[PDB]
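Letter by letter, the chains look like this.
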Amino acid sequence: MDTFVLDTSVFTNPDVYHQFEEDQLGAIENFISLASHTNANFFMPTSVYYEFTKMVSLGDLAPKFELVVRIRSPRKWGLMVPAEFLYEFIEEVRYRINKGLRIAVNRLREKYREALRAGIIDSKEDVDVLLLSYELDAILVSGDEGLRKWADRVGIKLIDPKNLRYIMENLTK
Amino acid sequence: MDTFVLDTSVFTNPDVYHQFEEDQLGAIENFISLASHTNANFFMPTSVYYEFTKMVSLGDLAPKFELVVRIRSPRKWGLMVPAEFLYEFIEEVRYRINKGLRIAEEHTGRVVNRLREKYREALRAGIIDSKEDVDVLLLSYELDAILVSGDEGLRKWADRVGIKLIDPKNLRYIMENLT
Amino acid sequence: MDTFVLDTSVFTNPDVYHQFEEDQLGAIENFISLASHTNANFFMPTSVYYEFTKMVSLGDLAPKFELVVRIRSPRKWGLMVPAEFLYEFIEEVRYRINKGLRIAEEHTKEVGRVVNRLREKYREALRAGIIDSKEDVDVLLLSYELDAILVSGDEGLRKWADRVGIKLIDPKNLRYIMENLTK
Amino acid sequence: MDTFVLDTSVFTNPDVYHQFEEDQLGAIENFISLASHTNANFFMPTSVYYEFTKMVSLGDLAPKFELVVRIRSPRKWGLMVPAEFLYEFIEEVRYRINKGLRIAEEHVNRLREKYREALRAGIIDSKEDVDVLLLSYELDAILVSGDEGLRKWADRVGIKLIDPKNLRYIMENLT
Amino acid sequence: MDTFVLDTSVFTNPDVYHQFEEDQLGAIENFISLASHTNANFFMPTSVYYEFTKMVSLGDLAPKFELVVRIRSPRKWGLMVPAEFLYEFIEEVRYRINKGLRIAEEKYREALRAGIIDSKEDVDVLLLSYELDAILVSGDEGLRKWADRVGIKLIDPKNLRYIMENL
Amino acid sequence: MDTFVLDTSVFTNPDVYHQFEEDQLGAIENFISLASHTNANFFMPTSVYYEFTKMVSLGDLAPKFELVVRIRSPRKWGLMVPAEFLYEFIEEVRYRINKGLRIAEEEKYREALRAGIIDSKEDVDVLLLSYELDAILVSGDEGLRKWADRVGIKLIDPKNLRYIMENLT
Amino acid sequence: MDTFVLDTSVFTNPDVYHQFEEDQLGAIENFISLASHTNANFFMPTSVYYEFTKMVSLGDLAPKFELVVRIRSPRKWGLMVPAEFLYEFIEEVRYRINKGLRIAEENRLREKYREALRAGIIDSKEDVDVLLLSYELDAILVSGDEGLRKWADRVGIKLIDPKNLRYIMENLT
Amino acid sequence: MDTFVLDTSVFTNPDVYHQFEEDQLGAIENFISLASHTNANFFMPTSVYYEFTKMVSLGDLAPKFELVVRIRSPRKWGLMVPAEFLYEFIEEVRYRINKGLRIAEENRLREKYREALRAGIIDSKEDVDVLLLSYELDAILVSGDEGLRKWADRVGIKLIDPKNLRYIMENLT
Amino acid sequence: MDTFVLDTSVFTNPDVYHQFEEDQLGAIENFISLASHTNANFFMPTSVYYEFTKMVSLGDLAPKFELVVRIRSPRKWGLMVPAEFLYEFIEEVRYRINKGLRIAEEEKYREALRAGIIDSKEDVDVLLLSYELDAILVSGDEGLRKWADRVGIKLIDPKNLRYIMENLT
Amino acid sequence: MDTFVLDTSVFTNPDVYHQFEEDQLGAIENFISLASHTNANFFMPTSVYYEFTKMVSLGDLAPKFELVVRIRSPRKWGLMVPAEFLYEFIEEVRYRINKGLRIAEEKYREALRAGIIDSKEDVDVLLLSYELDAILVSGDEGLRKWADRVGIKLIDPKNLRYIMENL
Amino acid sequence: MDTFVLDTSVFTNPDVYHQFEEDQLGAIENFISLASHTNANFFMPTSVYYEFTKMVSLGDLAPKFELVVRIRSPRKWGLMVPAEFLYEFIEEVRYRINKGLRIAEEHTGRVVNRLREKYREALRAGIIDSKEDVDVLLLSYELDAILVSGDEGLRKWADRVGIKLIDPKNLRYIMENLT
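Residues numbered from 1 in each chain as written, not as in the entry; some residues may be left out. Chains lettered and ligands numbered in written order. Part of a larger assembly, values for the part shown. Heavy atoms only, no water.

**Description of unusual backbone geometry**
Point 1. Within the chain, E:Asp133 stands out as a residue other than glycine whose phi angle is a positive 65°.
Point 2. One can find E:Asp133 in the loop between α7 (109-132) and β5 (135-137).
Point 3. Owing to a relative accessible area of 52%, E:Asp133 belongs among the exposed residues under this scheme.
Point 4. If you check the backbone angles, I:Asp134 has positive phi at about 55° while not being a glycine.
Point 5. Turning to its location among the elements, I:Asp134 is positioned in the loop between α7 (110-133) and β5 (136-138). (Helix = DSSP H or I, 4+ residues; strand = E, 2+ residues; numbered from the N terminus. Buried < 20%, exposed > 50% of the residue type's maximum accessible area, 1.4 Å probe, protein only.)

**Here we look at the UniProt feature "binding site: Mg(2+) 2" (unreviewed entry) in chain G**
Residue and element names in this part refer to chain G.
Point 1. Sites flagged by UniProt as "binding site: Mg(2+) 2" (unreviewed entry) map to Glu51 and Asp127.
Point 2. Positionally, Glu51 belongs in helix α3 (residues 46-55).
Point 3. Taking relative accessible area as the criterion, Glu51 reaches 19% and is therefore assigned buried.
Point 4. Setting aside residues up to four positions removed in sequence, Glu51 forms contacts with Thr8, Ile122 and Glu126.
Point 5. You can see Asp127 is positioned in helix α6 (residues 108-137).
Point 6. Ignoring any residue separated from it by four or fewer positions in sequence, one finds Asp127 in contact with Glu92, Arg96, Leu148 and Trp151. (UniProt positions renumbered as here; feature names shortened; annotations may be inferred. Contact = heavy atoms within 4.5 Å.)

**Brief notes about the side chain of C:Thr38**
Residue and element names in this part refer to chain C.
Point 1. Within the element layout of this structure, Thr38 appears in the loop between α3 (24-36) and β2 (40-45).
Point 2. Residue class for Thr38 comes out buried when judged on its relative accessible area of 1%.
Point 3. Sequence-distant contacts of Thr38, that is, excluding residues within four places in its chain, are made with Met178, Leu181, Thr182 and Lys183.

**Describing the interface of chain H and chain J**
It is common to report an interface's size as the accessible area lost on association of the parts.
Point 1. Across the contact, 17 residues belong to chain H and twelve residues belong to chain J.
Point 2. Both faces considered, chain H and chain J share a buried interface measuring about 1,200 Å² in area, 58% of it formed by carbon and sulfur atoms.
Point 3. On inspection of chain H and its partner chain J, the count reaches zero salt bridges.
Point 4. Here chain H and chain J share two residue pairs in polar contact between them.
Point 5. Put simply, the parts of the chain that give the side of chain H that touches chain J at least two residues each are β4 (80-82), α5 (83-105), α7 (146-155), β6 (158-159) and α8 (165-170) of chain H.
Point 6. Looking at the side of chain H that touches chain J, the element that brings in the most residues is α7(H), giving three residues. (Buried area = accessible area lost by both parts, 1.4 Å probe. Salt bridge = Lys/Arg side-chain N within 4 Å of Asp/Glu carboxyl O. Polar contact = N/O pair within 3.5 Å; in protein donor to acceptor, adjacent residues only side chain to side chain.)

**Re helix α3 (residues 24-36) of chain J**
Point 1. When the terminal C-alpha atoms of α3(J) are compared, their 19 Å separation across 13 residues agrees well with the 18 Å that a helix rising 1.5 Å per residue should span.
Point 2. Where α3(J) begins, one side-chain oxygen reaches toward the backbone nitrogen of J:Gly26, 3.1 Å away; that side chain belongs to J:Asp23. (Expected span 1.5 Å × (residues − 1).)

Structure, rendered in structure tokens:
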């Protein structure tokens, strides 16, 4: 039975969520409905779910979302990663900060200070996503191309996020 | 099938128990009834159950409650925790004591004497709550269970150490979808 | 050769340090001098040495002390303690916070400002009971890791050390022990 | 026999190097001379040595330095660090970026580059931090550093430490 | 399926056996009947069963009892307990005897030699419970507090009938 | 080099201490002096040393004693004993209580046993320490050394302790 | 399913075999009959079966008995017993002979005393065989001899009252 | 350096002790004297030393003997012997008693026959103790009893001719 | 399900094959027919089957026989036997040679032993195969089954083979 | 230092012992003298030494011999040989006896019962050599060819004196 | 100290042995003399030594040679080689047989009969040489020794499988620098 770990970008990037509906809230609702009738487990890291809720107001959808998408933390005890992964994470932080810095009087340096604090949060989400995907042996669904490139050098299973609805449909119990 | 370890706050904090009914005994009895018809195991550490019985008089409910919610002790023999966990526990005691000390101070010859006994009850309960926290975490770890809490402090420790969690406000909803 | 882990109390409790000299700074300086000519390794946890520097001002003694007493952190990686040590610590915490409350109140057994001064002396008591509990863990873990003899003076810590199988000495005989190991 | 892993700050922060000489190039030279007669091993990560050379021109000292201080890379092959360490590293990056900008903030076109530079050096110094810790862990060595934030981290992880102000002193008490 | 290890106290302390019947022999008889029709294994240490028979005369009930409640010895070969457990046992002996002599008011020499027999029962009970991963059913506060320190599964003995019924 | 774990009865039973001197305090003092020159390690469990101090007032000898005979606790962390040893302990408690009860039979019944428990806890501490250090158990108590024999702990005649100490410089 | 290892005494001591029938060969035949319709495995050591056959003639029953009661040797190849067990066996030899010696006390006196201890060691070798086989198969020892059952208990072998063997077999069909 | 485990028979059988001196207590004293100046460790099981003391009074010599010959118990805690060894011990009991029984054949007849087999099992328990201790220390067994030495050989314990013990000790000073 | 390793003597000793039929070839044929319907695996070592074919001419029965009783070699690669078994083998050779020598004593001395060696090699092949498969050894030879007993291999009375086969559909 | 395991053939076959002396008792005597002054351990299996004493009467040489040549049994507990070795032993027995009867020309029954005694010696020799990691000294072609198949260290027995001398 | 395993070709190929002297027996005896005063162990497989004795009559030299060059058999009991090695051996037999077949052909009613016996001696020696090669490699591996050969074919197999090598022409020089 296929397990998936979802990124923040799955429901915040329009290129991905448009497959459910053009509205954000409507796409999320459609996803939740479909997730009930599909033979799949969905997961999302605690940290990622937190940032998703800061961006999108789910309200009455939250409990249904939390029922179909299990929110687990990847911080297992005694989990060890090889030293190499540590060094690759450093490169991911570089990517994240510099990407945020590109998109940025003194609203250029409280923009800039906000960009790097977001860049750290995005990196701590990336590692949470990968670790959880690794632990569950799950398929990582993510609109962030930079994350997906890293999930490959590390050998995590992937899907084209644009085909998530399609995949889900062809697995209905 | 899903396993849950319940904290004391599941049935003592109104924000959580109101999903079952509006009376404490009503909520407990509604929970027990539903637990019978749900495909799930429930557990509560011995220490947590003890404090729960001091705060609430179950009476005739106790045997039914003890049947649906299994009371186990998490004090395993060959169990080992990393030295990290030990240091994290010290921070939880700090959190517990200082939160309990805030609430003593705020309520605030004769006024000096009610304040000393109010600060002793703040610390002693702060330690009791910290020992319960550990019991809850260890049991959750051992059974690979979903910790149902409500005490934001505990839930955030549970998260640091990778224990499974749920929003306690959605407990009834989850139970209803596992019948 | 013998290895020792030192508590704060070895140089702050007068019943212990008098063996070197009657003054505090004099006792510490005398200890350092003797430690140089003794065939023994001395250690103190980073957390404990920090509290020792907050209570006593070593000044020019610091570098000599830091040479004879090695200041190491016991927070090794993958160190695992059994789960019973977790519960025994919960109990030391209790003993500690309580001993302190005792002195807070018992010291304050003694306008309305009285209430605020009592409020502080209670606050200070728990904050220092948690600092002394963290010290206690640090001391035991360091003693365990090095297989060292714990020199304390604190009854509460030594009782715990004994429960967990850590080697102990009478702190009052430290100078004597050191003298019978000269190189 | 004692082993030490040196940080850049040992020879770039004056508060540390003054124990050898007031002069930077003289402190380094004095250190090198003493290291020859000291019963100790010295090490410095490859990345750390690279940054040290970009700040200080050693010239004819380089070969003597490279003989007394062995320049090794900690990027071993089967090394596994706990997942926790990974999260600790993220916090170290936060500390170093935020320390860099606090410096930057104080001194429009010059500001955008003073802020790029703040965080590119912030990442480089975080990579140096990891290199230093991993090498210290691998060799079971005593980490000598002037940076507070690195020395604070070397404690959470249990790496052996020294007051850098006492380095000369320690070296002298080992022949 | 839930396994259980029974103490002597289950059928000798009236507070516990009254749930089956007011009569002692009738409670045992009722328990055995119910045990047949419940999806649960029952066990009792050799040493505990011996003392139970010295106190209660079962007569024709014995073979039915021995069929529903399996009598095993916990003395498996190569079983190792942590040194800590050994020290905790010493404390249990202290508890057992001190209680016993309170009760003295030749009756000192019986309060000792019974206090140790009760201690040997306690160990046999805990070890068997540990080995089978069973739920310890016991009236005795002291045994149940020790069982808890060592992480053995417990039940309120007063709800034994109720639990059996719901299986 | 030879390691020894000492019981309480080494310095509290006259049959054993007479080899050092006729006086108790003098035998202890003679032992301490001889221990300093001897090529052997001496040890005594914490619990055993405590009871020894309650019986004998060492005074100024305590620091010299605590230098020659090292007072360790045998309650090591990951230590496991076979379940059989646990059952052997129960028999030792019976031996100790019944011996203490015979002598009582002339509050002296209540403390005939409370001492019997303390003596049994000491016995365990002595055996475990002996096991851990792979040491020779020196004890005058018959019952303890007969147990020590069942569990394969090395033994000596306590009456020959001085002689053995002398044959090791 | 339950497994049992049988002693000689289960069919030679009258106090146990009377549960099947009053006559010895009749009891054996009833047992065999019942064992066929029982949901249980029966075993007896080779050495024990040999002495059983030297005491009872059996004849016609032998092939039926050998079908229901499997005769195995417990001398497994890599079996290790604790040194302790070795000492315990010396005590069992003592018990076995000194018993034998009580009967004898009731030339021929020598010829009775020699015969007493030679049968004593044969019975000791039976005891070992029985315990080892019970251990190997994790079987319930059905004996009748108190001394063997006391030993079996110290060693933690599963036991039953031999007087209830028929009853147990009946409740497993 | 060479290690030896001694039997009772090394100082109770005259055929062996005569190499030291004709008198028993004189031989023991010479052995003790020589053992002091020998580069070799000597050992004897607790059970063996006990029976040795019940046969020879010794007295004055005891502390010197206990210094040169270390009296250890071989009942080590985690010792495992193969099941095979257990069977071999049953044969040793047989040998030991049937021998004992030959002497007896030469009331009192009973009191001689009881005494014969009680000493036989005591000697069997000695044999085990000796072999186990020899095994544990990797020591050379010095016996005098042929039956024990035959066993020691089947088990692969190191052996010496007891008649050459003095000679061996002399060539190690 | 039950597995059996068969010796040569199962079909070459009349005391054993008479249960199937009075004729040799008829007993073998009856056995093969019964084996097909029985819920049991049969095996015979390669070496044993070779000698069986030299003694009895199976003709058209061979393919049916080789279908019901599987002919395997027990010379597995990483197989190790304890050194004791090696010494036990030496005693088996002595038994086999001396038995063959008694019967010889009436080139019949030279081949009294050469057969004794072949029979000893067969014995080893039989035991090793039985050990490997955890099979029940069926053999009429007294000496072999008494060895099989010493080494803990499962056994049956060969006289009851038909009866056992019948009680397994 | 080089350890050696000696066969009977070392002191019973004249081709080998002639290097010490022409006389048999003198060769043994000479060997023992040299053995004392050479930096090498010597060993011989129990079974081999027994047969050696049945053939040669040593008398007063025995204790000196037993001091220089340690007589151990190879029957260590738990030693395992590969199944292959077992089959190779069968072949050795075949070799030993077949040789033996050639020689027959009651003398058939002795050529067998000696052929097996020689086989049991062969195993004892190889196992001891294996256990000690020793050099096997043997006159017998057949034993030395087997020793070679199993990877045991060998020497030419004719050069034994020479090797001892250079140590 | 350095250990060496010698091939048959060390003393039979002149290009190698000429470093010691110009006569075969001269070279062997010079080698033996030097081997006595060098801090090095020498070994040769039993099979290799056998073939060496067939080709050269050592006589009185044999005991001295056997003392300096230890003749061991590499047929270890628990020794395992990777299945690669097995396939590589087949290629070595191909090399050996085809090299030996070339030399038979080249030398080349009566001519047919000397050619059949010349092709049988080419194969049978080709197998003998292949078994020697394996013995040499296995012994070298077991002792972690330096293979001294000269047979270019063997040296190139030895290299594929990571055995230590030396130029055989420098053997004397190496021995001289280890005195």
